[PDB]
There are 2 protein chains.
Amino acid sequence: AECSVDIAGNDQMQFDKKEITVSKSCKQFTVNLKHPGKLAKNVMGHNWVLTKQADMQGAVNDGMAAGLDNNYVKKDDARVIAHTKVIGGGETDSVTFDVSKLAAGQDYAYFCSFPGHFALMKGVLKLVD
Amino acid sequence: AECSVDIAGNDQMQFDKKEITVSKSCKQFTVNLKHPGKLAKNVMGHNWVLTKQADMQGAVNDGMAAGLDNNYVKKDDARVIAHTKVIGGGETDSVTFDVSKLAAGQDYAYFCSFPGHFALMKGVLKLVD
Ligand SMILES: [Cu+2]
Ligand SMILES: [Cu+2]
């Protein structure tokens, strides 16, 4: 038989092979692991979502619940001033919004609403002048 | 100032910018999001670890505790028949082991011991012939 196997991480963050067979006729067995480094949008996507600081947590929670189909943002969510699409690796998206939706001395947060990402992918947006 | 900003996911799964400035002299503001799709080994690495089925949970718990410098495998862990290094995107690693370490009528499992991967990155290794 063969005394080696090629196994890889896939774009779903699983092994491509759920089974390895080792023949008793093999003295030694060689496992070659590859990490292609490519993840599909459904497991590793990003967006950019803008809210008042106080509205972040509610918007993120309802955003996770809204699903990939809604770019992990609740449809017509009043707390969301602007958001991009959820994009995968090598992709781009742009969003334009009215600056009149911002007020001076208010705290604004941006985050990714892709489930679990708000913890790591956050920042502050400030109105200036 | 400008009425647009370029923001990107980075290899730590954070935004490259933690702060965005919008001048109130802008009528509209544009955010251009990029997803380069590249993650560093310290946040998205894989390995391949072989144990008896019954030893998986213990080996993975002690493995996560052992850290990246020990390839997320407890040094000299008796339950671990064989393991690769932890590798990052675009990388490869191999391990060879003696087939004499496997016995008939034992159940063998493999997994990735990179923290959080264990639930999705699993398979069965079967002695055959
Ligand atoms: Cu994200
Ligand atoms: Cu892994």
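Each chain is numbered from 1 in the order of its written sequence, a scheme that can depart from the entry numbering, and any residue without coordinates is omitted. Working convention: letters from A go to chains and numbers from 1 go to ligands, in the order in which they are written. Only hydrogens and water are set aside; all other atoms, that is, all heavy atoms of the structure, feed into the side-chain values.

Method of determination, as annotated in the archive: X-ray crystallography, at 2.25 Å resolution.

Once that is clear, we can look at the coordination of the copper ion (ligand 1). Six octahedral donors at a metal ideally form angles of 90 or 180 degrees, and four tetrahedral donors ideally form angles of 109.5 degrees. Residue and element names in this part refer to chain A. Only nitrogen, oxygen and sulfur atoms within 2.8 Å of the metal, or 3.2 Å for Na, K and Ca, are treated as donors, and water is left out, so sites may look incomplete. Within the protein, the copper ion (ligand 1) binds to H46 (ND1), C112 (SG) and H117 (ND1); these donor distances fall in the range 2.0 to 2.3 Å. Spacing between the donor residues of the copper ion (ligand 1) along their common chain follows H-x65-C-x4-H. Of this pair, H46 sits in the loop between β3 (28-35) and β4 (49-52) while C112 sits in the loop between β7 (108-111) and β8 (122-128), and the two are 66 residues apart along the sequence. For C112, a relative accessible area of 0% corresponds to the buried category. Secondary structure is summarised from DSSP: a helix means a run of H or I of at least four residues, a strand means a run of E of at least two, and numbering begins at the N terminus for each. Each residue is assigned to one of three classes by its accessible area relative to the maximum for its type, calculated with a 1.4 Å probe on protein chains only: buried under 20%, partly exposed between the two thresholds, exposed over 50%.

We now examine the layout of surface pockets. In this structure, the largest pocket spans a volume of roughly 280 Å³. Cavity and pocket criteria rest on a 1 Å grid covering protein atoms alone: a 1.4 Å probe that fits but cannot get out defines a cavity, protein on both sides within 12 Å along at least 5 of 7 lines defines an open pocket, and an atom within 4 Å of a point defines a lining residue. Taken together, 18 residues make up the lining of the largest pocket; nearest its centre are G37, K38 and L39 of chain A together with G37 and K38 of chain B. For the lining of the largest pocket, the residue count by class is 6 nonpolar, 9 polar and 3 charged. The space that makes up the second largest pocket amounts to roughly 170 Å³. Every element with two or more residues in the lining of the second largest pocket is listed here: β7 (108-111) and β8 (122-128) of chain B. For the lining of the second largest pocket, the element with the most residues is β8 of chain B, which contributes 4 residues. A breakdown of the residues in the lining of the second largest pocket according to their chemical character gives 7 nonpolar, 3 polar and 3 charged. Grid points are joined across faces, edges and corners, and a volume is the space filled by probe spheres set on the points. When residues are grouped by polarity, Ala, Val, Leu, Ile, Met, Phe, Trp, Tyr, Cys and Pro land in nonpolar, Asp, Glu, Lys and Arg in charged, and all others, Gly among them, in polar.

In this complex, chain B contributes 62 residues to the contact, which on the side of chain A involves 63 residues. The term buried area refers to how much accessible surface (probe radius 1.4 Å) is lost by two components on association, counted for both of them together. Across the chain B/chain A interface, buried area totals approximately 5300 Å², and carbon plus sulfur atoms make up 60% of it. The three residues of chain B that bury the most area against chain A are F15, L33 and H35 of chain B, which together make up 15% of that side's buried surface. We define a salt bridge as a contact between a side-chain nitrogen of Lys or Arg and a carboxyl oxygen of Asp or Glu at a distance within 4 Å. Run the count over chain B and chain A and you get 2 salt bridges. Residues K126 of chain B and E19 of chain A are paired through a salt bridge, measuring 3.8 Å at the closest nitrogen-oxygen approach. Identification of polar contacts relies on pairs of N or O atoms within 3.5 Å, with a donor-acceptor requirement for protein atoms, meaning one able to donate a hydrogen and the other able to accept it, and with residues adjacent in sequence counted only if both atoms are side-chain atoms. Our count for the chain B to chain A interface comes out at 41 residue pairs in polar contact. Of all the secondary-structure elements, those providing two or more residues to the side of chain B that touches chain A are β2 (19-23), β3 (28-34), β6 (91-98), β7 and β8 of chain B. The residue inventory of the side of chain B that touches chain A, partitioned by class, reads 28 nonpolar, 22 polar and 12 charged. By the convention used here, residues are in contact when the closest approach between their heavy atoms is within 4.5 Å.

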